[PDB]
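Scroll down for the structure; my scribbles are underneath it.
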Amino acid sequence: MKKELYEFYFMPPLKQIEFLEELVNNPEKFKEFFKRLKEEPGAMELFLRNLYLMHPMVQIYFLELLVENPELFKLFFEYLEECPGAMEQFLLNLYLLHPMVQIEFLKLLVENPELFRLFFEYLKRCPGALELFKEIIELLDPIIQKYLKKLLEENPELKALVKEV
Amino acid sequence: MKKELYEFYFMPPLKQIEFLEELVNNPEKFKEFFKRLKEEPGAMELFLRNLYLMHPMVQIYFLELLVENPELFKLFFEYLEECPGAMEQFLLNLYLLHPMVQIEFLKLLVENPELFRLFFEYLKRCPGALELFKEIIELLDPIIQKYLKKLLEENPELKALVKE
Amino acid sequence: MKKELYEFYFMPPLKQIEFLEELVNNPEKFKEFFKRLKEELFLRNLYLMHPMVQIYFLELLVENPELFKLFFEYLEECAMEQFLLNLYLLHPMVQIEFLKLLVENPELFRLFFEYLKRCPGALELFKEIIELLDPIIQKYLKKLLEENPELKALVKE
Amino acid sequence: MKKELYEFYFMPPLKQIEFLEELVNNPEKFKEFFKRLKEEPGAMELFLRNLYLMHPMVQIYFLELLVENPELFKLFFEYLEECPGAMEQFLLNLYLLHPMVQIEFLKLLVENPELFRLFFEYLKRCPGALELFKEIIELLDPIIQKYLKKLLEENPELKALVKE
């Protein structure tokens, strides 16, 4: 994926929405596109950057599809986990996300504790970045910290999974 | 319902305003739209979040149309009360709304005080909700507070009804 | 009148600039059409428009000086508080340029203060806006006040 | 030229990228683009503001083009060196840049440390500027400062280059 990443970024949002749906609806091309970005040096950082510089609803739609297909949230995170720098960009974007996009990613993680448990597990799997996701959550707008605290308090083990160390 | 709402979001804002004006000017389509959202899982919250992520002027014009047609502002917020978590979603948007949109929304509410009281009445009906709004009042830039002060000093009873 | 202001907003930005450019170039269009508004929503729509549209509309007032007076003439007639508030809520680049245009055209700067000095307004209102600012903007504002040593004394007065 | 600069801004964002991609390759147009801006009084400040208000990808891709062609990253900065304030406008933009664009600019400097030192040598040349960039970096978002420190662990040399 040397090029296309910019071309696909400048594809119309309705085509980006449709492309991401077909990519998620069938694991075909899903594995290819993320493997091409995985094998290419740093191209996984660009995709996340492109994905997280895209229109906000394109990012929300991808998160909703990853929840609807939990197996692909595994494969999407499995590629992000191995390649270097891809885990840091995902975290960096979390703070730089629009708070409505933040609350939707936090709402989907709470409703999917298995994906939430997968999300935190991969954070421990990546060298470091434990402090990063910590500081990103601590250094955030207060109502997000309030809302996240209330959602985690509904399931204390999910709260205990946030407490960690 | 995803096709109904998500396409409505991605459609051009001027076409959305055309639909919003058609939905408002016809009160029964307004009733139908929000009654259709109640049975569907979180369709109100989805439609709200879509409305919250839309263009600011569309949100503003939607607020104006609800002011010019008062009964629908009642229906919109009474449907919000019926839908669990909708008022929580609305107050969260007000905190995350662009400060200019917050001022226009506040000015329209103070100008039509019955809509301002009806705004609070449904917030208290929900499990919690009202407590969130009081914390949202704290976290805002000063020009919101100062411009709130100019209007609310001319009618301190509204500022009184806020603390009540 | 609502459609005119909303249609002018939702038009493509390049056409909005071309709409304002000839409207400002022809003095009758800037003088009479703005008088039809007299017969806040336009300011908000302008200040919710694309930054380039806001930048060029402010620059067009510099390119044609007499119409910047008229622009502030009608606003001062009835609205001033809305213009002062929109300044604080303006995008930082839009704000810097507006203050930079006043220093580039000092007669518009004095005219900006003069219309604000009408009634005991902006004596404290425009005072707060300067103090409630991020530091890096103030540095550029202060360094630009050095060019034109004359303007330094007028701001303190 | 003011029509030409505004035509470049309001050109479609994909068009702006294709124009900048070609302009970098051939120096003849590249030198013409900044020579015609420098012969005008203060037009370099205008084009910068235009570039600094363009789409984030347009701003990012222009920096990447200068990174892919390191000699022209010196030239584009050499042309800004001629007039004062354009450096300050470049620094003012860096603070006012979207946080992902500030990271992208710093990340390109980390991936090409020689261009980092190239850009940093220019800052000490302008009056202040090095003092202003000192203020900018210490007044950024915390995670932007945090991730910068992690980039200092990847390149501790840059810490010594900063001390100068």
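Every chain in the structure tokens takes a letter, A first, then B, and so on in the order presented; its residues are numbered from 1, and the ligands are numbered from 1 following the presented order.
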At a cut-off of 12 Å, using only C-alpha atoms, what residues contact residue 122 in chain C? Leave out same-chain residues fewer than 2 positions from it and give the result as an MDAnalysis selection string. chainID C and resid 80:85 112:120 124:130 155
Shell around residue 27 in chain B at 12 Å using only C-alpha atoms, local window under 2 positions removed, as a ChimeraX atom specification: /B:20-25,29-34,65-66,69-76
Write the residues you've just listed into a file as an mmCIF file, in the first residue's frame, and include N, CA and C atoms for each of them.
```cif
data_model
loop_
_atom_site.group_PDB
_atom_site.id
_atom_site.type_symbol
_atom_site.label_atom_id
_atom_site.label_comp_id
_atom_site.auth_asym_id
_atom_site.auth_seq_id
_atom_site.Cartn_x
_atom_site.Cartn_y
_atom_site.Cartn_z
ATOM 1 N N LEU B 20 -35.827 18.528 7.540
ATOM 2 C CA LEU B 20 -36.148 19.007 8.881
ATOM 3 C C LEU B 20 -37.291 20.012 8.848
ATOM 4 N N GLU B 21 -37.337 20.855 7.816
ATOM 5 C CA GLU B 21 -38.444 21.797 7.696
ATOM 6 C C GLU B 21 -39.733 21.079 7.318
ATOM 7 N N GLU B 22 -39.639 20.064 6.456
ATOM 8 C CA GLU B 22 -40.819 19.279 6.108
ATOM 9 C C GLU B 22 -41.323 18.487 7.307
ATOM 10 N N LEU B 23 -40.404 17.957 8.118
ATOM 11 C CA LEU B 23 -40.801 17.180 9.287
ATOM 12 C C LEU B 23 -41.426 18.068 10.356
ATOM 13 N N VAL B 24 -40.914 19.288 10.513
ATOM 14 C CA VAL B 24 -41.414 20.184 11.550
ATOM 15 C C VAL B 24 -42.738 20.812 11.131
ATOM 16 N N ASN B 25 -42.794 21.376 9.921
ATOM 17 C CA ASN B 25 -44.003 22.069 9.484
ATOM 18 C C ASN B 25 -45.212 21.141 9.449
ATOM 19 N N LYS B 29 -45.911 14.071 10.851
ATOM 20 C CA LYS B 29 -44.651 13.445 10.460
ATOM 21 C C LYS B 29 -43.616 13.577 11.567
ATOM 22 N N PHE B 30 -43.636 14.703 12.286
ATOM 23 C CA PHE B 30 -42.788 14.860 13.462
ATOM 24 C C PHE B 30 -43.103 13.789 14.499
ATOM 25 N N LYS B 31 -44.392 13.573 14.770
ATOM 26 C CA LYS B 31 -44.793 12.513 15.691
ATOM 27 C C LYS B 31 -44.370 11.147 15.168
ATOM 28 N N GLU B 32 -44.624 10.884 13.883
ATOM 29 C CA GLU B 32 -44.277 9.591 13.299
ATOM 30 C C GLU B 32 -42.782 9.321 13.406
ATOM 31 N N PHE B 33 -41.960 10.314 13.057
ATOM 32 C CA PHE B 33 -40.515 10.114 13.036
ATOM 33 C C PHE B 33 -39.995 9.708 14.408
ATOM 34 N N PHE B 34 -40.414 10.420 15.455
ATOM 35 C CA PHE B 34 -39.903 10.137 16.790
ATOM 36 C C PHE B 34 -40.599 8.948 17.441
ATOM 37 N N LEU B 65 -36.615 25.976 14.255
ATOM 38 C CA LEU B 65 -37.898 25.414 13.840
ATOM 39 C C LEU B 65 -38.681 24.874 15.031
ATOM 40 N N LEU B 66 -37.989 24.263 15.996
ATOM 41 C CA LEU B 66 -38.668 23.806 17.204
ATOM 42 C C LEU B 66 -39.158 24.975 18.047
ATOM 43 N N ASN B 69 -42.316 26.451 16.140
ATOM 44 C CA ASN B 69 -43.426 25.525 16.349
ATOM 45 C C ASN B 69 -43.305 24.954 17.755
ATOM 46 N N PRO B 70 -43.917 25.589 18.760
ATOM 47 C CA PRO B 70 -43.624 25.209 20.154
ATOM 48 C C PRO B 70 -44.049 23.797 20.518
ATOM 49 N N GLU B 71 -45.170 23.316 19.974
ATOM 50 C CA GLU B 71 -45.685 22.007 20.368
ATOM 51 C C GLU B 71 -44.695 20.889 20.066
ATOM 52 N N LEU B 72 -43.900 21.036 19.005
ATOM 53 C CA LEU B 72 -42.938 20.001 18.651
ATOM 54 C C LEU B 72 -41.727 20.010 19.572
ATOM 55 N N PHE B 73 -41.313 21.189 20.042
ATOM 56 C CA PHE B 73 -40.276 21.245 21.066
ATOM 57 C C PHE B 73 -40.718 20.507 22.322
ATOM 58 N N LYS B 74 -42.009 20.585 22.649
ATOM 59 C CA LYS B 74 -42.553 19.765 23.724
ATOM 60 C C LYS B 74 -42.493 18.289 23.356
ATOM 61 N N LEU B 75 -42.959 17.945 22.153
ATOM 62 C CA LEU B 75 -42.943 16.554 21.711
ATOM 63 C C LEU B 75 -41.522 16.014 21.629
ATOM 64 N N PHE B 76 -40.602 16.795 21.059
ATOM 65 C CA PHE B 76 -39.219 16.343 20.940
ATOM 66 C C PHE B 76 -38.635 16.004 22.305
#
```
Select residues of chain C: the criterion is any atom within 9 Å of an atom of chain B, counting only C-alpha atoms; output as number ranges by chain. C: 6-7, 10, 44-45, 48, 85-86, 88-89
Report as a list in words all protein, DNA and RNA residues lying within 12 Å of residue 148 in chain C, evaluated on only C-alpha atoms, omitting residues in the same chain fewer than 5 positions from it.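 What passes the distance filter is residues 100, 102, 103, 104, 105, 106, 107, 109, 142, 143, 153, 154 and 155 of chain C.
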Mind dumping the selected residues with N, CA, C and O atoms as a short mmCIF file (atom, residue, chain, number, x, y, z; two decimals), in the first residue's frame?
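Output (part.cif):
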```cif
data_model
loop_
_atom_site.label_atom_id
_atom_site.label_comp_id
_atom_site.auth_asym_id
_atom_site.auth_seq_id
_atom_site.Cartn_x
_atom_site.Cartn_y
_atom_site.Cartn_z
N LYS C 100 -4.39 42.44 12.67
CA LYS C 100 -3.30 42.80 11.78
C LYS C 100 -3.75 43.78 10.71
O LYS C 100 -2.97 44.65 10.29
N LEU C 102 -6.05 46.10 11.17
CA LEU C 102 -6.20 47.40 11.82
C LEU C 102 -4.85 48.10 11.98
O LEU C 102 -4.77 49.33 11.84
N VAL C 103 -3.80 47.34 12.28
CA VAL C 103 -2.47 47.94 12.38
C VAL C 103 -1.96 48.33 11.00
O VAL C 103 -1.26 49.35 10.86
N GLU C 104 -2.29 47.56 9.97
CA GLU C 104 -1.87 47.91 8.62
C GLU C 104 -2.59 49.16 8.12
O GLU C 104 -2.00 49.95 7.38
N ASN C 105 -3.85 49.34 8.51
CA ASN C 105 -4.63 50.54 8.17
C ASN C 105 -5.01 51.22 9.48
O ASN C 105 -6.12 51.03 9.99
N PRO C 106 -4.11 52.03 10.05
CA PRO C 106 -4.39 52.65 11.36
C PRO C 106 -5.65 53.51 11.39
O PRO C 106 -6.28 53.61 12.44
N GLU C 107 -6.02 54.14 10.27
CA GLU C 107 -7.24 54.93 10.26
C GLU C 107 -8.47 54.06 10.48
O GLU C 107 -9.45 54.51 11.09
N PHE C 109 -8.23 51.40 12.35
CA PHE C 109 -8.08 51.05 13.76
C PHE C 109 -8.72 52.11 14.65
O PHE C 109 -9.49 51.78 15.56
N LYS C 142 1.54 42.27 20.18
CA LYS C 142 2.40 43.29 20.77
C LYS C 142 3.55 43.64 19.84
O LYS C 142 3.94 44.81 19.74
N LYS C 143 4.12 42.65 19.15
CA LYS C 143 5.21 42.92 18.22
C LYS C 143 4.72 43.70 17.01
O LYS C 143 5.48 44.47 16.41
N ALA C 153 0.30 54.27 21.66
CA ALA C 153 -0.29 55.17 22.64
C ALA C 153 -1.81 55.13 22.61
O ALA C 153 -2.45 55.33 23.65
N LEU C 154 -2.41 54.86 21.44
CA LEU C 154 -3.86 54.88 21.34
C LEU C 154 -4.51 53.70 22.05
O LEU C 154 -5.62 53.83 22.57
N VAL C 155 -3.83 52.55 22.09
CA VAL C 155 -4.41 51.37 22.74
C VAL C 155 -4.50 51.58 24.25
O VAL C 155 -5.47 51.15 24.89
#
```
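One distance worth recording is that between CA of residue 89 in chain A and CA of residue 138 in chain D, which is 21.5 Å.
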